[PDB]
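# Residue-level structure breakdown
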Amino acid sequence: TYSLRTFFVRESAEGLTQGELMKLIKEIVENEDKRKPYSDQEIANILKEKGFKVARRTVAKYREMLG
């Protein structure tokens, strides 16, 4: 009740909406870790994966929206 479409959007995000990114960040924290939680640093690092266009700053903002 959420999954849809395929998965293949490495080179830059699909112009996703700010709202989509939110759930995206939270989704990443869906199965975080205690000794390796998806903190703003992590999620932010994830972006380095050459996927979405985030940033410690942006993540920080989201962190508050969810964290």
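The rules behind the values
- Residues numbered from 1 in each chain as written, not as in the entry; some residues may be left out.
- Heavy atoms only, no water.
- Salt bridge = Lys/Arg side-chain N within 4 Å of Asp/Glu carboxyl O.
- Helix = DSSP H or I, 4+ residues; strand = E, 2+ residues; numbered from the N terminus.
- Core = buried A, V, L, I, M, F, W, Y, C linked by side-chain atoms within 4.5 Å.
- Buried < 20%, exposed > 50% of the residue type's maximum accessible area, 1.4 Å probe, protein only.
- Contact = heavy atoms within 4.5 Å.
- Axes fitted to C-alpha atoms, helices over the stretch in contact; angles between N-to-C directions.
- Parallel < 35°, antiparallel > 145°, perpendicular 65-115°, else oblique.
- Left-handed = near helix turned anticlockwise from the far one by under 90°.
- Nonpolar A, V, L, I, M, F, W, Y, C, P; charged D, E, K, R; others polar.

Its PDB header names solution NMR as the technique used to obtain the model.

## What to know about the pattern of salt bridges
Summed over all chains, the structure comprises 3 salt bridges. In this structure, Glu14 and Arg5 form a salt bridge, with 3.8 Å as the shortest nitrogen-oxygen distance. Residues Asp40 and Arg63 are paired through a salt bridge, measuring 3.9 Å at the closest nitrogen-oxygen approach. Taken together, the residues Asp40 in helix α2 (residues 40-47) and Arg63 in helix α3 (residues 56-65) connect sequence positions 23 residues apart.

## Brief notes about the nonpolar core
Nonpolar side chains in soluble globular proteins tend to be buried together. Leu21, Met22, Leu24, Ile25, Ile28, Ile43, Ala44, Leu47, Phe52, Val54, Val59 and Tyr62 together form the largest nonpolar core, which totals 12 residues. Of all the secondary structure elements, the ones that give two or more residues to this core are α1 (18-28), α2 and α3. The residues touching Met22, leaving out its near neighbours within four places in the chain, are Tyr62, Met65 and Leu66.

## Let's talk about the packing of α2 against α3
Axis separation between α2 and α3 bottoms out at 9 Å; the angle between their running directions is 135°. Looking at the two axes, α2 sits oblique to α3. For α2 against α3, the interelement crossing comes out right-handed. Side by side, α2 and α3 meet where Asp40, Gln41, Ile43 and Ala44 of the first sit next to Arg56, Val59, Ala60 and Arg63 of the second. Its residues placed into classes, the contact of α2 with α3 shows 4 nonpolar, 1 polar and 3 charged.

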